[PDB]
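First come two forms of one protein chain, each written alone as structure tokens, so that there is a structure 1 and a structure 2.
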Structure 1
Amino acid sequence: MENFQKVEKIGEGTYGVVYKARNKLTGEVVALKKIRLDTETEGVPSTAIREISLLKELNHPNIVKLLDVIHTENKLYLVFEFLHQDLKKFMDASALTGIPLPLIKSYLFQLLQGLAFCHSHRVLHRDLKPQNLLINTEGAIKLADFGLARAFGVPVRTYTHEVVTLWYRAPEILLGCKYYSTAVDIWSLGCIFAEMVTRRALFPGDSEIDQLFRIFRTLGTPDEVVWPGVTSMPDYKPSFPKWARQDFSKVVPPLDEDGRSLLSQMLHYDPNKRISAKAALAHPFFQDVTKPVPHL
């Protein structure tokens, strides 16, 4: 069963495992994935067809290189480019002493770009969250699990069984709005950014109503002013509490002026006003952006 070498389990989320391995020949790394159908199963796994696709169309520095794939009928495997650990791991294993203000930016920066790259190909990542952001020894950060990546204008659809994490969903999606945009991905990162900083996840969610309120309680209960057209958003209600913005003074003090204006705009209510991926890679904040190499 395929010239290879399962060594250690780097991961295993939502029906599937990501073992590590060597070329059963010259070895040379490997992050071999895995996914399972077994025939006589529900409509073949989509997890992938599109994900292998978008992974191909997409070939940029900060974007996992889907080295190869083994189509075996039994179970489908996807040879990936091994890459040490994901940002959740790292973030975690650093949450006591924090991460180098530069390495942060070196990391955010390589992301915004790689992101803006996909965005430019008419694609939305949608599953942006630490465990899906990979890092390496020299201070290089890639993207992954393009497993939920779709092309612009896919609608918001909800399912009784489709019960996910939510920590990184943007207000426009929680308040219910047909389809979503790239504004979403520039929001997951909003959070993720303020998390590498403060070390603790910005808005921890258990129920959509909690996810919000947290946000509102932190970023002010949005009003027509900051967000034209909320009071009309399908699932909006005048009733929700009205928490006045919790000024950055508590939000991300470990930061400065540049960071504190970017994030601000990087987590803006109005999707139509939230900053673009490119409009980001500009910001004074990234001026002297080097490539700090991390310690693990």
Structure 2
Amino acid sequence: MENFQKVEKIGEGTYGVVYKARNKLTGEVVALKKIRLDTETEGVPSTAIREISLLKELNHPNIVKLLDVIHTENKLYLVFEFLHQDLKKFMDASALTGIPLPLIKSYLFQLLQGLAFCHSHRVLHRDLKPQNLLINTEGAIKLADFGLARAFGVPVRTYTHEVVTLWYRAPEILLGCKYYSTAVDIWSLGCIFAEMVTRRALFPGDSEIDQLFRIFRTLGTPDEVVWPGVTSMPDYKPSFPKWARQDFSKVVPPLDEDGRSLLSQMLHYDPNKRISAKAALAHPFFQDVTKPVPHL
């Protein structure tokens, strides 16, 4: 623990605080997460049990690497490979010019590759958003902050409901479905794909019913035709306004035919029709995919 020189704070996620640090001895630059344990109360938080145990086996280029767990009795510390920026800051730094399409393509391809690896190792991330996606200077993007992650089962079970950040949260959650699985993570990436293309968040509500309405106003109010079962879901209400589906060429104008195809599959209301991460990798949108380096 004495080998680490904290440089600054770089984030504060689901739990604890994260610093940029340097190994005094090797010069390696790392991200240091601090979780306080203040003995008297409840022990090590479940948020950390999950994140550490899951990350120990989520070793992939598009997931942030956990290098070490330094476990004092007063604190718990996680050492991660350092990434210099999140997708949010990158999206703000190119509000005007927009991110170039090759870079969108490649980031999406990479995010799908990292998410497929999770799903295929029975982990749900459950908090995908622009500030949890980390980039380096070489063109990579990685999934980060697994504080809200869990190991799911085949078949799934009721899991925690208070899940995913409001703007990125799938409708089966908003409407209160008994069950959700890997599809909730795909919805979030759909939202993120769209945000990368237009500069602005896709569905930026400020309450649950506002979030619903915002989704409805764009994708059309869901009904039995589009999503068998909606009208019988626990928090579905008959008095929901009936907005017509907006056309994708107005939701997401810069996208070509392939991209709209892909985006509509990530954003299907029905979780059983929502494309998988692995299946998405096979989509024609990705045939000409490269690895562009940002002007960073």
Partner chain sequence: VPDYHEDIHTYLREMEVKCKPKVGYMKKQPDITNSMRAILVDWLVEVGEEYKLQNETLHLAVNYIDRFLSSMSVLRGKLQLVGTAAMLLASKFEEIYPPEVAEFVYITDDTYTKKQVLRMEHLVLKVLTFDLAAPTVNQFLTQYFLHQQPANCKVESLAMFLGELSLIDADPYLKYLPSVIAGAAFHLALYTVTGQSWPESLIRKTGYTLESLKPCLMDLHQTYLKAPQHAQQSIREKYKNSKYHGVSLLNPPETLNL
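Here, a residue number simply tells you its place in the sequence of structure 1, counted from 1. Whichever C-alpha set is largest while still superposing within 1.5 Å between the two forms counts as the rigid core.
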Exercise. Looking at both copies of this chain, which one is the form deposited with the partner chain bound?
Worked result: 2
Problem set entry | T41 C-alpha relocation of at least 2 Å between structure 1 and structure 2, rigid core basis | yes
Exercise. Does the distance between the two CA positions of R157 reach 2 Å or more between structure 1 and structure 2, the core being superposed?
Worked result: yes
Exercise. Aligning on the rigid core, do we see the C-alpha of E12 shift 2 angstroms or more between structure 1 and structure 2?
Worked result: yes
Problem set entry | Cα displacement of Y179 between structure 1 and structure 2, core-superposed (Å) | 3.2
Seminar exercise, completed: Core-superposed C-alpha displacement of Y77 between structure 1 and structure 2, in angstrom, equals 1.5
Exercise. How much does the C-alpha of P100 shift between structure 1 and structure 2, in angstrom, given a rigid core superposition?
Worked result: 1.0
